[PDB]
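Everything on this sheet refers to the single structure shown next.
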Amino acid sequence: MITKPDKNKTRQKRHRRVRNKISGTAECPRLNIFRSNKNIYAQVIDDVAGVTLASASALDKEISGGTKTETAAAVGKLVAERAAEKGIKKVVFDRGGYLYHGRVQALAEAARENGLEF
Amino acid sequence: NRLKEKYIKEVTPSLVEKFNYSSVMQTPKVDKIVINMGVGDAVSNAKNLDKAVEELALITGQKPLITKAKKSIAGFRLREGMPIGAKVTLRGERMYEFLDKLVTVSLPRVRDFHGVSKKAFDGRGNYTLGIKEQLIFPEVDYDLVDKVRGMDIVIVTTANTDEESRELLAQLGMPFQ
Amino acid sequence: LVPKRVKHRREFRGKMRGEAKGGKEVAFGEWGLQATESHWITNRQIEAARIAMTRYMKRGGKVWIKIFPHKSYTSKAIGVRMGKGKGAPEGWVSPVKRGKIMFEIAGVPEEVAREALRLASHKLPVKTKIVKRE
Amino acid sequence: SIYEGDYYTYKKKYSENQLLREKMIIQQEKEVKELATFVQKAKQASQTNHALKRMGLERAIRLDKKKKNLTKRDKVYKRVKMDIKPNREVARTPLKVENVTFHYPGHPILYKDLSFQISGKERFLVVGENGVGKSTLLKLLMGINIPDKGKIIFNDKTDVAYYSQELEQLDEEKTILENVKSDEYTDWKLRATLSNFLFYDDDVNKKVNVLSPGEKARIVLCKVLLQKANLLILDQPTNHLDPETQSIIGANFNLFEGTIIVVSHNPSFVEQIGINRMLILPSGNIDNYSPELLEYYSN
Amino acid sequence: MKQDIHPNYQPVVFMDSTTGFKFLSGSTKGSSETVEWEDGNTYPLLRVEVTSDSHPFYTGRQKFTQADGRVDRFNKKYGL
Amino acid sequence: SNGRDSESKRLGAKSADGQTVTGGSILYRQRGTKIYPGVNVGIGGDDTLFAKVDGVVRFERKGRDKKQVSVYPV
Amino acid sequence: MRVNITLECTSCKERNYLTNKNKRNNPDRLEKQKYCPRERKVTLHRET
RNA sequence: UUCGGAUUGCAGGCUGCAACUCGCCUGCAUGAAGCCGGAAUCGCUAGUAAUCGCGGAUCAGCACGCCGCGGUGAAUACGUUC
RNA sequence: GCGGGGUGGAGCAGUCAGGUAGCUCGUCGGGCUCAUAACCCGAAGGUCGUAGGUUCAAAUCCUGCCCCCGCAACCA
RNA sequence: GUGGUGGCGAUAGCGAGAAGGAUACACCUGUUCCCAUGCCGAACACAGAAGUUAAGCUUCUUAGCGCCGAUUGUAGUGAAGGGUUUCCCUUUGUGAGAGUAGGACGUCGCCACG
RNA sequence: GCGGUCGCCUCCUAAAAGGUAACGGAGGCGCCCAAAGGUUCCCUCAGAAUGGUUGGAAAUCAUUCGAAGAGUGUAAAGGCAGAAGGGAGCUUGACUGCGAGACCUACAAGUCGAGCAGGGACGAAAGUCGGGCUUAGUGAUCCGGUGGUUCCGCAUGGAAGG
RNA sequence: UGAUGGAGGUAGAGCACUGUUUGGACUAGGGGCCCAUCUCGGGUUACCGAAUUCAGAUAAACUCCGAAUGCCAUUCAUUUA
Ligand SMILES: Nc1ncnc2c1ncn2[C@@H]1O[C@H](COP(=O)(O)OP(=O)(O)OP(=O)(O)O)[C@@H](O)[C@H]1O
Ligand SMILES: [K+]
Ligand SMILES: [K+]
Ligand SMILES: [K+]
Ligand SMILES: [K+]
Ligand SMILES: [K+]
Ligand SMILES: [K+]
Ligand SMILES: [K+]
Ligand SMILES: [K+]
Ligand SMILES: [Mg+2]
Ligand SMILES: [Mg+2]
Ligand SMILES: [Mg+2]
Ligand SMILES: [Mg+2]
Ligand SMILES: [Mg+2]
Ligand SMILES: [Mg+2]
Ligand SMILES: [Mg+2]
Ligand SMILES: [Mg+2]
Ligand SMILES: [Mg+2]
Ligand SMILES: [Mg+2]
Ligand SMILES: [Mg+2]
Ligand SMILES: [Zn+2]
């Protein structure tokens, strides 16, 4: 008998504290990241309005796929260009309670390169 | 790999059949093994703790975590944070290897060995074996030990019931009384 | 009767206004002694009332003392001028407000109960009346 | 403080000054005690005795002014305390040296077929002059030097403690406490003994590199004491030690219940130890100790 | 697994000298004697005299005679 | 012996709800965070709530059992 | 034993900062990287 | 300790009606204190002290005791202050 | 309320200024003596009133508490 | 329908029980990789898709716990008065806590995949 | 008169803003930390039950229950489990020149402060940092010491002295 | 003065925390006491009884709650100055 904590629950416990000093505005939306064992998702959200201005993920059918790190980089590029189309340039990067090390870091760097200012 | 192979091959189907599990995921398994050596003599001489730590590391194959007294107790001449007692955690392949060696070699070498207890269950399917003395593990070398000492080996499994835990441990080989 | 401990050695005299907050009805016993006025009751008075009640009952039945002298009161010795801090603790009292059931009794015929409660009331400093369990 | 004269004159002048200072502090304490005793008497008198209560407060003011001008007696500097005891017992033949020859490669043989035998609980003095082989012989016994010829045998009952001449047993980089760290002694035991050697509190965390030669000598001696050996190979132990500590060292060794192989050019230290047999160098001569030591020195 | 802090750990084979029961498991101790093993591999061999198979308790049969009754001692003593 | 006490610290609210206040005005003095700082409201080194901007003060409830102060410019 | 100390810029020898330290816990002279207003840049300040 | 031979377990030999209280002895096993003994104190002047055995009376059985026998075999005595 | 003290059986050090528990008498045992005393030789006897802090370490420093001793507890 | 992400006082919860993984989320397979354990690839990080709804997870049932909670009455009390005035009473306004009827196993949004 | 007290912090008195006295009821302060500060990241307690060598009520170990019953250097109150509690890495913002505007207030003082500039610490970034969970840990002027100073320098240059 | 919005923990009330506290149920444990001791293995007082639970109280320095008033403020409304 031993219980293995829900990793998503632990993520969200950290993510609340992260969000306490990160919020999305119309002129500086929140770039939230969510990570799955299979996929990864990015959302540009306006917390004031509570609406996802733009979205990208490993299910867009525009990302051919590959290694999960490479999929994250492709998703980062895709969200950056979609956000640019909607005129969104500056963003505040919400790492969603993860560690800014691997897949999330690759996604963030892809977004930075493709034009999101942060 | 012997004990892991034994488990996955023989034990898993046997437990599945015995306990009528809908899905294989329900099969109890040894999650981890935590071996704790409580050294109160550290207060008198830290070298006692150092020798105990060296013995435990040799026995286990991993550097132990040197636990510290969470509270200061005058009864034992103990101040909070004093490095009294050590432990090691073993999972996966190292866990299986150490458990197999304990079953085969170390247990027979125990003085006047008549088996292991059959009641040291927490009530949730986790067992603990209280070793009275070292020198039963072949790695000890029976000579380096200036002072003989014991330990407590806690086997933590996913078994929900003491019954399932007992079956798994027996199948893995446990000389219950 | 004295508390084993007190958080504060000295305490305000206080004010007794209105009915008792609780314990106005007989809980355990068959009969009870209800105070019709508000007044301090010393541990000495409680003990005197208890002795009277029990002795008349012949130590039979059961007796409950609902009140307890939680509060402490101090005093100043004769020949001491006003000031120089509060006086040293002297005695213990229970502030009893009208409607409180100070004593309860059971296990005895009604005449014995009424007579025992009458003796206890005469020992106490408050006007009282007899009440039956509902 | 600078005096005119010699060492004795300084001691005479100093001893008198501390005596005259001590008497001053005594009399200042008596007057304070006198006032204190009266202040208390007034304090406990009846509140109705107005005059006594008044006088008590007046003397309380004088008592306060006294206690604020009362010279503190300087704490007398504490002397070293040594209690060297052997764990085990000496044998009748602690050390056997037989036909031992040794030469430093490229230099004349210091001694040829040197053979001596110590008896146990014996004060053995290795006499000689500078550059004659005294320290070489002691290094030979410990094992620092391997004998060119012969054998050196220690009885299994013999534990040996070595005090090197040049203080080569201390780590300058480490602290005092780190140097004395041993598997057989706990922390407070180390601190207690270091306090007996005048290393108090955070004085044990000082690096050995900043200590004076004399303070380092105490650490080496402390290491020797903590061994609790029954054979003491000491090479000029009193070197670097202040005259007071030398007498303490000699007196305690005299009472040591074990064998002592000592080298010392200090005439006072050898007298206190009470040497039994002296070994002269370079002319090997195992001899009974006596004022004939002077005869060898003359010759 | 951290590097350079764990005691040297190596695979090793154990054989029960009495019965010859074999098993491969890791250990801190190393054996100069080495043996072959299935899969075409060799490992250091740490021979052991007492193992589960050899030890009486695992077998379930006891080597000891369990001593004698005192009257039986007396029976053999006086031929009775 | 009793008879000691410290000067009162004049804690409490210093601006009413619905009042207009200039930037930097102290809204609330407190020990600890009895009331939390909301929008455009900062909390000082000693838990004093002040307005970061000019606006009207509003005391709201932060959830079930916590209060909060916000300053809304017009 | 805790005592107030002055930190002086090692470059311009300007007594710039005032602080305090426990001698027992920090026997050696304290050193910090602090802004030197005279030189208007961060420099090594050592206790005197 | 290959000194020591207590204590203890086992297994036995005898005598006796009988060996637990409570005999002696034997074999195996175990292997205690003890490293030459504080204040003080004892015997002995030659075949003596020391030391080595042997026999005996008592006695079914049972002595490190007692009586007796021989083997080997010393040191010291200046002197009578105490 | 003001002081003084709690260490071996008794009396006292040691406390200030942290390292290691002592002196005297007394007690127990053995000697000497015809016997007792004196004398001689051994041994025991306290975790320092107590509970917590400070320290690496407390008989020792800090705090409280409990005991015992002396004084005071009201003045024209 | 599922998965992200929010707003609103738990009427959003807790407990118990039931169903599902098509997708998705998960467990799950390993440590070669960046990275990591004051020891452990348990965690964190990485690579992958053998099996499972077992667990989490989502949906559903349930008022057992927690939560919300009307009306009436009462205590208290502002104002105006009275009395035998430590206290008590009267007129007028306000009006709890407690106790209860009852509510409630959430609702209001955005996005991606269906 | 004797005893007690004199300044600062916390609570109750204090009558639900603030303030409010008594020789009223209770406690603390005259410091501490070179990390017990800043930042980034990460973590969640106390006790209980059960099982387990020394080990005993109670040392360390494991599962479960457990919303705070812990901890927060230090009194109490307030606050804190989105941590202010705890661990680790790097660091010195425990910065310099200030400071709109407030609180408090007889004065002298005391308290808070966004924000600007300079030059930095941490972080990928957002951003945080002008000491510490908050509130005690302090003393006017005169006089003197030490350092800096493009200030003055009794005819002028220095000096002395400011 | 009315309307509106606020901050606060008093009266009252309450036991959700902290003290104080009554009775009932049960009992760890403690006290006696016997047998049997290896204090040890038990059987007992309706002996004292922790903790839990049921019922019932209590508080200036207790609060899950919580007024009436008073207080702060409104480019508000009426009157007034
Ligand atoms: N490591 C060495 N290498 C070469 N020669 C040496 C060495 N050590 C000593 N010698 C020589 O040995 C000779 C004597 O040796 P040793 O060190 O014993 O002198 P000593 O007896 O200790 O004299 P002292 O202590 O009074 O100075 C010296 O002349 C010296 O030069
Ligand atoms: K009456
Ligand atoms: K017999
Ligand atoms: K015979
Ligand atoms: K894994
Ligand atoms: K499931
Ligand atoms: K519900
Ligand atoms: K840090
Ligand atoms: K109250
Ligand atoms: Mg030399
Ligand atoms: Mg105050
Ligand atoms: Mg601050
Ligand atoms: Mg011998
Ligand atoms: Mg004769
Ligand atoms: Mg209500
Ligand atoms: Mg008021
Ligand atoms: Mg107020
Ligand atoms: Mg802190
Ligand atoms: Mg001039
Ligand atoms: Mg009230
Ligand atoms: Zn500079």
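In the structure tokens, the first chain shown is A, the next is B, and so on; residue numbers restart at 1 for each chain, and ligands run from 1 in the order shown.
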How close does chain J get to chain E? List, as a Markdown table, each residue of chain J within 12 Å, its nearest atom pair and the distance in Å to one decimal, counting only C-alpha atoms (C1' of nucleotides).
| residue | atom | partner | partner_atom | distance |
| --- | --- | --- | --- | --- |
| J:31 | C1' | E:1 | CA | 9.9 |
| J:36 | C1' | E:1 | CA | 8.6 |
| J:37 | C1' | E:1 | CA | 7.6 |
| J:38 | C1' | E:2 | CA | 11.9 |
| J:39 | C1' | E:6 | CA | 8.7 |
| J:40 | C1' | E:1 | CA | 7.7 |
| J:41 | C1' | E:1 | CA | 8.1 |
Let me see the file: selected residues, C-alpha atoms (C1' of nucleotides), as a PDB file, in the first residue's frame.
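Heads up, here's the output in again.pdb:
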ATOM      1  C1'   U J  31      17.862   5.891 -18.678  1.00  0.00           C
ATOM      2  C1'   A J  36      18.338  14.805 -11.089  1.00  0.00           C
ATOM      3  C1'   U J  37      18.255  12.344  -6.217  1.00  0.00           C
ATOM      4  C1'   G J  38      21.453  16.124   0.662  1.00  0.00           C
ATOM      5  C1'   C J  39      20.779   7.692  -1.243  1.00  0.00           C
ATOM      6  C1'   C J  40      17.146   5.900  -4.921  1.00  0.00           C
ATOM      7  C1'   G J  41      15.183   7.693 -13.211  1.00  0.00           C
TER       8        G J  41
END
Based on only C-alpha atoms (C1' of nucleotides), which of the residues in chain C come within 10 Å of chain K? I want them as a compact mmCIF listing (two decimals) with N, CA, C and O atoms, in the first residue's frame.
# COMPACT_ATOMS: atom_id res chain seq x y z
N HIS C 8 -5.45 33.60 35.17
CA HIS C 8 -5.10 34.89 35.75
C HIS C 8 -5.40 34.87 37.24
O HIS C 8 -6.49 34.46 37.65
N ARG C 9 -4.44 35.31 38.04
CA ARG C 9 -4.62 35.30 39.49
C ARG C 9 -5.77 36.21 39.91
O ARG C 9 -6.59 35.84 40.76
N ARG C 10 -5.84 37.40 39.33
CA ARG C 10 -6.83 38.40 39.70
C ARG C 10 -7.76 38.67 38.52
O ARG C 10 -7.35 38.58 37.36
N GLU C 11 -9.01 39.00 38.83
CA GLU C 11 -10.05 39.07 37.82
C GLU C 11 -11.05 40.15 38.21
O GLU C 11 -11.20 40.49 39.39
N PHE C 12 -11.75 40.67 37.21
CA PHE C 12 -12.76 41.69 37.46
C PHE C 12 -13.91 41.11 38.27
O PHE C 12 -14.23 39.92 38.18
N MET C 82 -6.14 53.07 50.37
CA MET C 82 -6.44 52.76 48.98
C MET C 82 -5.19 52.88 48.12
O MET C 82 -4.30 53.69 48.39
N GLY C 83 -5.13 52.06 47.09
CA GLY C 83 -4.02 52.09 46.15
C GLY C 83 -3.00 51.01 46.42
O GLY C 83 -3.21 50.07 47.19
N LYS C 84 -1.85 51.16 45.76
CA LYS C 84 -0.75 50.21 45.84
C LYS C 84 -1.13 48.85 45.25
O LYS C 84 -0.78 47.80 45.79
N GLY C 85 -1.87 48.87 44.15
CA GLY C 85 -2.21 47.65 43.44
C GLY C 85 -3.42 46.95 44.03
O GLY C 85 -3.96 47.31 45.07
N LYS C 86 -3.84 45.90 43.32
CA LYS C 86 -5.01 45.14 43.73
C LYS C 86 -4.68 44.24 44.92
O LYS C 86 -3.53 43.86 45.13
Q.
Could you list, as JSON, numbers by chain, all protein and nucleic acid residues with an atom at most 12 Å from ligand 5, counting only C-alpha atoms (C1' of nucleotides) and all ligand atoms?
A. {"A": [37], "B": [91, 92], "J": [27, 28, 29, 30, 31, 41, 42, 43, 44, 45, 46, 47, 48]}
Q.
Taking only C-alpha atoms (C1' of nucleotides) and all ligand atoms into account, which residues have an atom no farther than 9 Å from ligand 10? I'd like them as a VMD selection string.
A. chain D and resid 130 to 136 164 to 166 235 to 236 263
Next, the residues of the selection above should be written as a PDB file, in the first residue's frame with N, CA, C and O atoms.
ATOM      1  N   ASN D 130      75.356  18.198  19.068  1.00  0.00           N
ATOM      2  CA  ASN D 130      74.640  18.549  17.850  1.00  0.00           C
ATOM      3  C   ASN D 130      75.203  17.779  16.665  1.00  0.00           C
ATOM      4  O   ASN D 130      76.419  17.634  16.516  1.00  0.00           O
ATOM      5  N   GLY D 131      74.307  17.280  15.821  1.00  0.00           N
ATOM      6  CA  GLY D 131      74.709  16.561  14.630  1.00  0.00           C
ATOM      7  C   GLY D 131      75.506  15.311  14.935  1.00  0.00           C
ATOM      8  O   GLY D 131      76.570  15.088  14.350  1.00  0.00           O
ATOM      9  N   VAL D 132      75.000  14.488  15.852  1.00  0.00           N
ATOM     10  CA  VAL D 132      75.680  13.263  16.254  1.00  0.00           C
ATOM     11  C   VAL D 132      74.839  12.023  16.004  1.00  0.00           C
ATOM     12  O   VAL D 132      75.380  10.909  16.041  1.00  0.00           O
ATOM     13  N   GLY D 133      73.541  12.175  15.755  1.00  0.00           N
ATOM     14  CA  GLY D 133      72.684  11.066  15.388  1.00  0.00           C
ATOM     15  C   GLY D 133      71.572  10.809  16.383  1.00  0.00           C
ATOM     16  O   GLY D 133      70.877   9.793  16.289  1.00  0.00           O
ATOM     17  N   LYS D 134      71.389  11.718  17.341  1.00  0.00           N
ATOM     18  CA  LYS D 134      70.374  11.505  18.367  1.00  0.00           C
ATOM     19  C   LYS D 134      68.990  11.413  17.739  1.00  0.00           C
ATOM     20  O   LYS D 134      68.248  10.452  17.975  1.00  0.00           O
ATOM     21  N   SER D 135      68.626  12.408  16.928  1.00  0.00           N
ATOM     22  CA  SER D 135      67.314  12.393  16.296  1.00  0.00           C
ATOM     23  C   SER D 135      67.211  11.284  15.258  1.00  0.00           C
ATOM     24  O   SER D 135      66.126  10.736  15.042  1.00  0.00           O
ATOM     25  N   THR D 136      68.329  10.935  14.619  1.00  0.00           N
ATOM     26  CA  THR D 136      68.322   9.830  13.667  1.00  0.00           C
ATOM     27  C   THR D 136      67.982   8.516  14.354  1.00  0.00           C
ATOM     28  O   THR D 136      67.213   7.709  13.822  1.00  0.00           O
ATOM     29  N   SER D 164      58.368  14.617  17.488  1.00  0.00           N
ATOM     30  CA  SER D 164      59.470  14.952  16.602  1.00  0.00           C
ATOM     31  C   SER D 164      60.119  16.268  17.018  1.00  0.00           C
ATOM     32  O   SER D 164      59.520  17.113  17.686  1.00  0.00           O
ATOM     33  N   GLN D 165      61.377  16.432  16.602  1.00  0.00           N
ATOM     34  CA  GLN D 165      62.152  17.592  17.022  1.00  0.00           C
ATOM     35  C   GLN D 165      61.676  18.863  16.331  1.00  0.00           C
ATOM     36  O   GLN D 165      61.624  19.930  16.952  1.00  0.00           O
ATOM     37  N   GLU D 166      61.329  18.771  15.048  1.00  0.00           N
ATOM     38  CA  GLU D 166      61.079  19.940  14.216  1.00  0.00           C
ATOM     39  C   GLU D 166      59.596  20.246  14.044  1.00  0.00           C
ATOM     40  O   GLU D 166      59.241  21.072  13.199  1.00  0.00           O
ATOM     41  N   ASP D 235      61.774  13.812  21.502  1.00  0.00           N
ATOM     42  CA  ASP D 235      62.965  14.458  20.956  1.00  0.00           C
ATOM     43  C   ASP D 235      62.910  15.941  21.314  1.00  0.00           C
ATOM     44  O   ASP D 235      62.219  16.721  20.653  1.00  0.00           O
ATOM     45  N   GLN D 236      63.644  16.327  22.358  1.00  0.00           N
ATOM     46  CA  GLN D 236      63.645  17.703  22.840  1.00  0.00           C
ATOM     47  C   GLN D 236      62.217  18.177  23.087  1.00  0.00           C
ATOM     48  O   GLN D 236      61.684  18.974  22.305  1.00  0.00           O
ATOM     49  N   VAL D 263      65.450  12.843  24.563  1.00  0.00           N
ATOM     50  CA  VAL D 263      66.619  13.637  24.207  1.00  0.00           C
ATOM     51  C   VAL D 263      66.362  15.053  24.699  1.00  0.00           C
ATOM     52  O   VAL D 263      65.287  15.611  24.448  1.00  0.00           O
TER      53      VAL D 263
END
Q: At a cut-off of 12 Å, list the chain B residues touching chain I, using only C-alpha atoms (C1' of nucleotides), as a ChimeraX atom specification.
A: /B:43,74,79
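Nearest to chain B of all the residues D:281, D:190, D:60, D:2 is D:190, based on only C-alpha atoms.
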Q | Within 10 Å of residue F:35 using only C-alpha atoms (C1' of nucleotides), minus same-chain residues under 6 positions, as a ChimeraX atom specification | A | /F:13,28-29,43,47-49,59-62,66-69 /K:79
Would you write out those residues with C-alpha atoms (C1' of nucleotides), as a PDB file, in the first residue's frame?
ATOM      1  CA  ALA F  13      -8.597  52.404   8.421  1.00  0.00           C
ATOM      2  CA  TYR F  28      -5.056  51.048   6.275  1.00  0.00           C
ATOM      3  CA  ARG F  29      -2.641  50.586   9.172  1.00  0.00           C
ATOM      4  CA  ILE F  43       1.464  47.019   1.118  1.00  0.00           C
ATOM      5  CA  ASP F  47       1.794  45.904   6.497  1.00  0.00           C
ATOM      6  CA  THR F  48       0.382  49.376   5.753  1.00  0.00           C
ATOM      7  CA  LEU F  49      -1.934  49.487   2.736  1.00  0.00           C
ATOM      8  CA  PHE F  59     -13.182  47.552   0.478  1.00  0.00           C
ATOM      9  CA  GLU F  60     -14.209  44.150  -0.884  1.00  0.00           C
ATOM     10  CA  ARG F  61     -14.086  40.582   0.404  1.00  0.00           C
ATOM     11  CA  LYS F  62     -11.325  38.375  -1.015  1.00  0.00           C
ATOM     12  CA  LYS F  66     -10.641  37.637   3.706  1.00  0.00           C
ATOM     13  CA  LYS F  67     -10.984  41.358   3.020  1.00  0.00           C
ATOM     14  CA  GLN F  68      -9.251  43.466   0.403  1.00  0.00           C
ATOM     15  CA  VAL F  69      -8.751  47.098  -0.616  1.00  0.00           C
TER      16      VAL F  69
ATOM     17  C1'   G K  79      -0.705  37.558  10.297  1.00  0.00           C
TER      18        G K  79
END
Using only C-alpha atoms (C1' of nucleotides), which protein or nucleic acid residues come within 8 Å of residue E:34? Drop anything in the same chain fewer than 5 positions from it, and give the result as a PDB file with N, CA, C and O atoms, in the first residue's frame.
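Generated file (out.pdb):
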ATOM      1  N   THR E  42      30.840 -14.022 -18.316  1.00  0.00           N
ATOM      2  CA  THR E  42      31.565 -14.419 -17.117  1.00  0.00           C
ATOM      3  C   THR E  42      31.470 -13.318 -16.070  1.00  0.00           C
ATOM      4  O   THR E  42      31.476 -12.130 -16.403  1.00  0.00           O
ATOM      5  N   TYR E  43      31.387 -13.719 -14.808  1.00  0.00           N
ATOM      6  CA  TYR E  43      31.306 -12.799 -13.688  1.00  0.00           C
ATOM      7  C   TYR E  43      32.155 -13.346 -12.553  1.00  0.00           C
ATOM      8  O   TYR E  43      32.394 -14.556 -12.479  1.00  0.00           O
ATOM      9  N   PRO E  44      32.628 -12.483 -11.654  1.00  0.00           N
ATOM     10  CA  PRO E  44      33.281 -12.986 -10.441  1.00  0.00           C
ATOM     11  C   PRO E  44      32.342 -13.888  -9.655  1.00  0.00           C
ATOM     12  O   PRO E  44      31.135 -13.646  -9.579  1.00  0.00           O
ATOM     13  N   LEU E  45      32.907 -14.940  -9.074  1.00  0.00           N
ATOM     14  CA  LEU E  45      32.143 -15.956  -8.362  1.00  0.00           C
ATOM     15  C   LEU E  45      32.493 -15.893  -6.883  1.00  0.00           C
ATOM     16  O   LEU E  45      33.661 -16.052  -6.513  1.00  0.00           O
TER      17      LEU E  45
END
Q | Backbone DSSP call of helix (DSSP H, G or I) for chain E, listed as a PyMOL selection string | A | chain E and resi 56-59+70-78
Any chance you can output those residues with N, CA and C atoms as a PDB file, in the first residue's frame?
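Here's the written file out-v5.pdb:
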ATOM      1  N   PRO E  56      18.834 -25.912   6.696  1.00  0.00           N
ATOM      2  CA  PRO E  56      17.774 -26.885   7.017  1.00  0.00           C
ATOM      3  C   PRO E  56      16.367 -26.311   6.982  1.00  0.00           C
ATOM      4  N   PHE E  57      16.178 -25.064   7.419  1.00  0.00           N
ATOM      5  CA  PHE E  57      14.824 -24.538   7.557  1.00  0.00           C
ATOM      6  C   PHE E  57      14.105 -24.485   6.215  1.00  0.00           C
ATOM      7  N   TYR E  58      14.798 -24.045   5.165  1.00  0.00           N
ATOM      8  CA  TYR E  58      14.182 -23.988   3.844  1.00  0.00           C
ATOM      9  C   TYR E  58      13.806 -25.379   3.351  1.00  0.00           C
ATOM     10  N   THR E  59      14.664 -26.369   3.600  1.00  0.00           N
ATOM     11  CA  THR E  59      14.348 -27.735   3.197  1.00  0.00           C
ATOM     12  C   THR E  59      13.091 -28.233   3.896  1.00  0.00           C
ATOM     13  N   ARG E  70      14.746 -38.564  28.565  1.00  0.00           N
ATOM     14  CA  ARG E  70      15.600 -38.973  29.676  1.00  0.00           C
ATOM     15  C   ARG E  70      15.401 -40.445  30.009  1.00  0.00           C
ATOM     16  N   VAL E  71      14.156 -40.925  29.972  1.00  0.00           N
ATOM     17  CA  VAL E  71      13.918 -42.340  30.238  1.00  0.00           C
ATOM     18  C   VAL E  71      14.592 -43.181  29.167  1.00  0.00           C
ATOM     19  N   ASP E  72      14.565 -42.706  27.922  1.00  0.00           N
ATOM     20  CA  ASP E  72      15.225 -43.435  26.848  1.00  0.00           C
ATOM     21  C   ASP E  72      16.728 -43.449  27.073  1.00  0.00           C
ATOM     22  N   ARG E  73      17.290 -42.322  27.515  1.00  0.00           N
ATOM     23  CA  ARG E  73      18.679 -42.318  27.948  1.00  0.00           C
ATOM     24  C   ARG E  73      18.890 -43.418  28.978  1.00  0.00           C
ATOM     25  N   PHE E  74      18.012 -43.466  29.983  1.00  0.00           N
ATOM     26  CA  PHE E  74      18.137 -44.471  31.031  1.00  0.00           C
ATOM     27  C   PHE E  74      17.949 -45.873  30.467  1.00  0.00           C
ATOM     28  N   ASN E  75      17.023 -46.033  29.518  1.00  0.00           N
ATOM     29  CA  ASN E  75      16.820 -47.342  28.908  1.00  0.00           C
ATOM     30  C   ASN E  75      18.111 -47.840  28.276  1.00  0.00           C
ATOM     31  N   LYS E  76      18.759 -46.991  27.477  1.00  0.00           N
ATOM     32  CA  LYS E  76      20.035 -47.375  26.892  1.00  0.00           C
ATOM     33  C   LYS E  76      21.102 -47.532  27.964  1.00  0.00           C
ATOM     34  N   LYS E  77      21.001 -46.762  29.052  1.00  0.00           N
ATOM     35  CA  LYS E  77      22.024 -46.817  30.087  1.00  0.00           C
ATOM     36  C   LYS E  77      22.018 -48.170  30.790  1.00  0.00           C
ATOM     37  N   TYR E  78      20.851 -48.611  31.260  1.00  0.00           N
ATOM     38  CA  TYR E  78      20.748 -49.834  32.043  1.00  0.00           C
ATOM     39  C   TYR E  78      20.169 -50.994  31.243  1.00  0.00           C
TER      40      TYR E  78
END
Q.
List the spatial neighbours of stretch 131-148 of chain K as a PyMOL selection string - criterion: any atom at most 6 Å away, only C-alpha atoms (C1' of nucleotides), same-chain residues fewer than 6 positions off excluded.
A. (chain F and resi 31-32+46) or (chain K and resi 8-9+29-31+37+84+94)
